[PDB]
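Asks: With the input below, show me the fold.
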Amino acid sequence: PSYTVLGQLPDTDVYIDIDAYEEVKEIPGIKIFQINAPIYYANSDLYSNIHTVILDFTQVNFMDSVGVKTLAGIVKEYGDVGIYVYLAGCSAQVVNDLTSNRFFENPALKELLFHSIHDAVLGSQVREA
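Replies: Numbers count the residues shown, from 1 in each chain. Take a look:
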């Protein structure tokens with residue numbers, strides 16, 4: 001309820017609830033979570049062989065400071081073990097919220113942003129280790 005695990009409909013760029021349809025399957029090496037509630041709520045649910053985590057922000061209309069700080073902590077800690085956290089589907093407003101709360105203090109984190117889930121998946125395919 002605070003997040004949904006997504007998988008891919010085989011041979012497409014369609015990503016949906018892993019539980020919504022039988023043939024939808026996760027992608028090896030990649031976790032895709034759709035954020036359904038403010039991310040600090042979904043974070044406490046997580047605290048309870050992957051190269052990339054994709055957070056789908058399509059349902060997020062805005063972020064607050066605590067959320068951004070939470071997100072930044074998520075990106076950093078995964079990053080510290082070589083795992084990239086990508087943000088897919090952030091609206092303009094969400095990007096403003098991230099920016100105003102100094103999430104891109106390091107302009108390199110701009111490279112974690114992708115328009116769609118599929119874009120983020122393709123971005124993990126080859127990258128500096």
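
Asks: wait, isn't residue 97 in contact with residue 66?
Replies: No. With contact defined as CB atoms under 8 Å, residue 97 does not reach residue 66; the gap is 11.3 Å. For every residue, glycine as well, the C-beta is placed using N, CA and C.

Asks: quick one: which of the two has more around it?
Replies: A count of neighbours by other CB atoms under 10 Å puts residue 97 above the other of residue 97 and residue 66, at 21 against 12.

Asks: Distance of the closest residue to that one other than its chain neighbours relative to residue 76?
Replies: Among residues not flanking residue 97 along the chain, residue 63 sits closest, at 4.0 Å (CB to CB, 6 or more residues apart in numbering). In this view, residue 63 and residue 76 are 17 Å apart by CB to CB, to the nearest Å.

Asks: quick one: which of these two has more around it?
Replies: Neighbour tally, residue 63 and residue 76, criterion other CB under 10 Å: the higher count belongs to residue 63, 25 against 11.

Asks: and that one, how far is that from residue 7?
Replies: Computed with CB to CB, the distance linking residue 63 and residue 7 is 25 Å.

Asks: And for residue 36?
Replies: If you measure residue 36 against residue 7 using CB to CB, the figure is 16 Å.

Asks: Give me the more crowded residue out of those two.
Replies: Comparing residue 36 with residue 7 by neighbour count (other CB under 10 Å), the higher total belongs to residue 7, at 21 against 15.

Asks: Can you name the residues bridging to that one?
Replies: Bridge pairing for residue 7 (DSSP bridges) gives the partners residue 16.

Asks: who are the neighbours in contact with it?
Replies: Under the criterion of CB atoms under 8 Å, 6 or more residues apart in numbering, the neighbours of residue 7 are 15-18, 24-27, 32.

Asks: Can you select the buried ones from these in PyMOL?
Replies: Selection of buried members from the contacts of residue 7 for PyMOL, criterion 16 or more other CB atoms under 10 Å:
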select buried, resi 15+18+24+32
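
Asks: Next, the contact list for residue 62, please.
Replies: Residues counted as contacts of residue 62 (CB under 8 Å, 6+ apart) are 93-94, 97.

Asks: Give me the distance between the residue of the chain most remote from its centre and residue 31.
Replies: With distances taken as CA atoms, centre = their mean, the residue sitting farthest from the centre of the chain turns out to be residue 22, at 23.0 Å. Residue 22 is 20 Å from residue 31, where distance means CB to CB.
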